[PDB]
Amino acid sequence: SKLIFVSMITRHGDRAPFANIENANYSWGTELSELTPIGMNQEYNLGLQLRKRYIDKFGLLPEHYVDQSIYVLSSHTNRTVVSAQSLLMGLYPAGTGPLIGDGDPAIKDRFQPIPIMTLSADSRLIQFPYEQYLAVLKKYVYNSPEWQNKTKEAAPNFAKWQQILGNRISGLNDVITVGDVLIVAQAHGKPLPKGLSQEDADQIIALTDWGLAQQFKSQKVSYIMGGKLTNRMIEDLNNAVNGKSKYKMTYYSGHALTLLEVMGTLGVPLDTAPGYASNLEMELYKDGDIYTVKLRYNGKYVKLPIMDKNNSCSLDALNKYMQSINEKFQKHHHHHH
Amino acid sequence: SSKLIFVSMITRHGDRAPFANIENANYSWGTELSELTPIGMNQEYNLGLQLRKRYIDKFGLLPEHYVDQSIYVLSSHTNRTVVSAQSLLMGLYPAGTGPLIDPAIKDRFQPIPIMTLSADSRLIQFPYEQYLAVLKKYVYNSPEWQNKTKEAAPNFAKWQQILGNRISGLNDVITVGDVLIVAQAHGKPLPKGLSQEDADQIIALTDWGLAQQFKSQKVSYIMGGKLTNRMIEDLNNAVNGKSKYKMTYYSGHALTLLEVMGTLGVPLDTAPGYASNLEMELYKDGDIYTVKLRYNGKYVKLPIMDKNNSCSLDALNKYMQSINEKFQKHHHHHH
Ligand SMILES: Nc1ncnc2c1ncn2[C@@H]1O[C@H](CO)[C@@H](OP(=O)(O)O)[C@H]1O
Ligand SMILES: Nc1ncnc2c1ncn2[C@@H]1O[C@H](CO)[C@@H](OP(=O)(O)O)[C@H]1O
């Protein structure tokens, strides 16, 4: 069997936060929500790892980029576009880019440009727009027994955390909001907010990780947000077999939610929120007329319920699996007055 | 005295392979149809270096190391325009200037985000079939097009038999002309039986035809009014506090340049070559704001501009407003 196609999702690299902790004076060195130099480096290094895997080891891809061999689509954010660019600088590094004339580089250092398309900001394919995402949570997650139970457990800490941090803390949603800032602060070696013990910071961060993962332990929530992309990736695999597409790889540059929603849709939800440069690959193998698929998440194969002891299933089986998921969550349409 | 505070820029992409094949030739391009070639990457990279010398070294509008959220880059939904923008930005902010953590990326590359429109957007280029539909309606039956057609028509049968491709109008001449332009740019031999004289005629008609389309301000406005308005709005946003960008950059096509120049009433006489570019420059001297328009390295005098190729931003706004009013559509109700 030979690897013939891969579809990949990444989360972007280290970024600045979206929000500020009111009672802290953190300085990030880049604008809110932008990819940091560390984040660029993380994605670049992931690119180098992917070169060793899909070029050196499997030989799916060549050492010098072939035009129209990789389709890259990013959400409409700076961090996801720059993350894809940075990753591709590792996958096809300086020294491998094209020459003109007598072996003179097209671009100094033989950089290799690889096109990245973006969705519109309004697209729901790679990420739901933030307010639409929160609306799904309000409807399907916040009143769930698991969310309410965890809320009751954590609630005795809300008043204290609110007075320490300044930011409103009146539910797990607010804990998650400030938790992201604390995660960024820790990733950048910043001091704790005054009056927030390491114990308290650890608890807030733990609740944040728990909460993000809990959202997608619902296959329904996962499908609402991720059904479209999951279907599209499987269709990419099919197009690699049916002659429709000549791409060796499709790469969707996305977010924590992108990874959570696809894993959750497939019935293998994550127990932890994806860290920076987390990544998922659907690998398609060919042995004669037999086509098989494997699913890789952060460097380890994942066993879908339909897979064998070798973490593998036929593409036909994956199709049937996805079809059943689509039917399971199909909406009953109604007419109106 | 007066200082440059903002620039809005359009480029055409760099050298590319053709869209079509000449039926009776066997050209091999080295990349897929319509993709940017290595020479095209080089052209855009070199333009980037030129833009660094101008807007960083000379005017100091931009800093030597990229500031996040300082440049907004929007490309049409094509590989050649995205790769052209990326190549240009590799010249504007070259290796050695990118961020450190020890370099964030080897050779200190500097990533700069590029957004793309959807393929169905009409902002930077009309989708091809919609573009041709505008030509059919407004250009192909115009007196100038018909006259040129009659002059060239005695050559159609011969060109058709030589090339294989259908040649029954100037539109077909333009179609094969692009292939001949690409062939010449890549030093390929002429198709058998096509003399250099004939190739020159076909290419000349192609250049003439592309420019002729946009000598109509109406045609230009239909396709380019939206982008022209948007670029002027970018200038206004640099003054009114709405935007903190130092530059907006629209990565586009020959049509993008033709339509904006044509909308502003300064249509080009020749079709834009690879890496052609246009800049709207905004200057501040106290409370006085002035604009200049640059095309392929030379200032262009709008009718509203003075001997110094300059006008106030207020004047530019009034000018654009009058163009909008001129081409406003009379709406109707229906049964
Ligand atoms: N204040 C905000 N504004 C816009 N998007 C936000 C946001 N806060 C969070 N997000 C989004 O919610 C996801 C889970 O934390 C994030 O994933 P990423 O950090 O982008 O992987 C954001 O997309
Ligand atoms: N066969 C084709 N398919 C799609 N777009 C095409 C095309 N032939 C020409 N174009 C488009 O028409 C413009 C003027 O020649 C081109 O400008 P550029 O070469 O992209 O600057 C194309 O966009």
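- The name given to chain B in the PDB entry is Acid phosphatase, and the organism recorded there is Francisella tularensis subsp. holarctica.

- By the naming in the PDB entry, chain A goes by Acid phosphatase and is assigned to Francisella tularensis subsp. holarctica.

1. Things to note about the overall build of chain B
So, step 1. Of regular secondary structure, chain B possesses ten helices and eight strands.
So, step 2. Relative to the 2.2 N^0.38 estimate, which gives 20 Å for 335 residues, the radius of gyration of chain B is 21 Å and therefore close to what a compact globule would have.
So, step 3. Along the three orthogonal principal directions, the C-alpha set of chain B runs to about 65 × 60 × 45 Å.

2. Side note on the side chain of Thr78(B)
So, step 1. Of note, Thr78(B) is situated in the loop between β2 (71-75) and α2 (79-92).
So, step 2. A polar contact of 2.8 Å, which involves the side chain of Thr78(B), links it to the side chain of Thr81(B).
So, step 3. For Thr78(B), the contacting residues outside a window of four places in its chain are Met117(A), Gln125(B) and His253(B).

3. Quick word on the site of ligand 2
All names here are of chain B.
So, step 1. Residues in contact with ligand 2, as listed here, are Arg12, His13, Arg16, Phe19, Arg80, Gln125, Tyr128, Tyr131, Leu210, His253, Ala254 and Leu255.
So, step 2. One of the side-chain N or O atoms of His253 is found 2.7 Å from an oxygen atom in ligand 2.
So, step 3. Calculation on ligand 2 without its partners gives an accessible area of 490 Å², and the protein chains cover 78% of this total.
So, step 4. Counting residues per element, the ones that place at least two in the shell around ligand 2 are α3 (128-138) and α9 (254-263).

4. Thoughts on the site of ligand 1
All names here are of chain A.
So, step 1. Within the structure, ligand 1 sits among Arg11, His12, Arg15, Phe18, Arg79, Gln127, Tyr130, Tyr133, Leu212, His255, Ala256 and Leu257.
So, step 2. Residue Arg11 places a side-chain N or O atom 2.7 Å away from an oxygen atom belonging to ligand 1.
So, step 3. With respect to ligand 1, the side chain of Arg15 contributes an N or O atom lying 2.8 Å from an oxygen atom.
So, step 4. Surface burial for ligand 1 is 78%, taken as the share of its 490 Å² of free accessible area covered by protein chains.
So, step 5. Of the residues in the shell around ligand 1, the class split is six nonpolar, three polar and three charged.

5. Re the nonpolar core
So, step 1. Judged by nonpolar contacts, the single largest core of 75 residues is most densely connected at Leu278(B), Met280(B) and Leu293(B).
So, step 2. By residue number, the principal contributor to this core is helix α6 (residues 170-185) of chain B, which donates eight residues.
So, step 3. When neighbours within four sequence positions are excluded, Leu278(B) is seen to be in contact with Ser8(B), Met9(B), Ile10(B), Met231(B), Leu257(B), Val260(B), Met261(B), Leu293(B), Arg294(B) and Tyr295(B).
So, step 4. Among the nonpolar cores identified, the runner-up in size contains 73 residues, and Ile21(A), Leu182(A), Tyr291(A) and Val82(B) belong to it.

6. Digging into the interface of chain B and chain A
So, step 1. Taken together, the contact pairs 37 residues of chain B with 37 residues of chain A.
So, step 2. Remark: the boundary between chain B and chain A carries zero salt bridges.
So, step 3. Inspection of the chain B/chain A interface yields nine residue pairs in polar contact.
So, step 4. Listing elements by their share of the side of chain B that touches chain A, those giving two or more residues are α1 (38-58), α2 and β3 (115-116) of chain B.
So, step 5. Looking at the side of chain B that touches chain A, the element that brings in the most residues is α2(B), giving six residues.

The rules behind each value
- Residues numbered from 1 in each chain as written, not as in the entry; some residues may be left out.
- Chains lettered and ligands numbered in written order.
- Heavy atoms only, no water.
- Residues with missing side-chain atoms left out of burial classes, pairs and counts.
- Helix = DSSP H or I, 4+ residues; strand = E, 2+ residues; numbered from the N terminus.
- Rg over C-alpha atoms; globule rule 2.2 N^0.38 Å.
- Polar contact = N/O pair within 3.5 Å; in protein donor to acceptor, adjacent residues only side chain to side chain.
- Contact = heavy atoms within 4.5 Å.
- Near = heavy atom within 4 Å.
- Areas by Shrake-Rupley, 256 points an atom, 1.4 Å probe, with all protein chains shown as cover.
- Nonpolar A, V, L, I, M, F, W, Y, C, P; charged D, E, K, R; others polar.
- Core = buried A, V, L, I, M, F, W, Y, C linked by side-chain atoms within 4.5 Å.
- Buried < 20%, exposed > 50% of the residue type's maximum accessible area, 1.4 Å probe, protein only.
- Salt bridge = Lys/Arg side-chain N within 4 Å of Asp/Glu carboxyl O.

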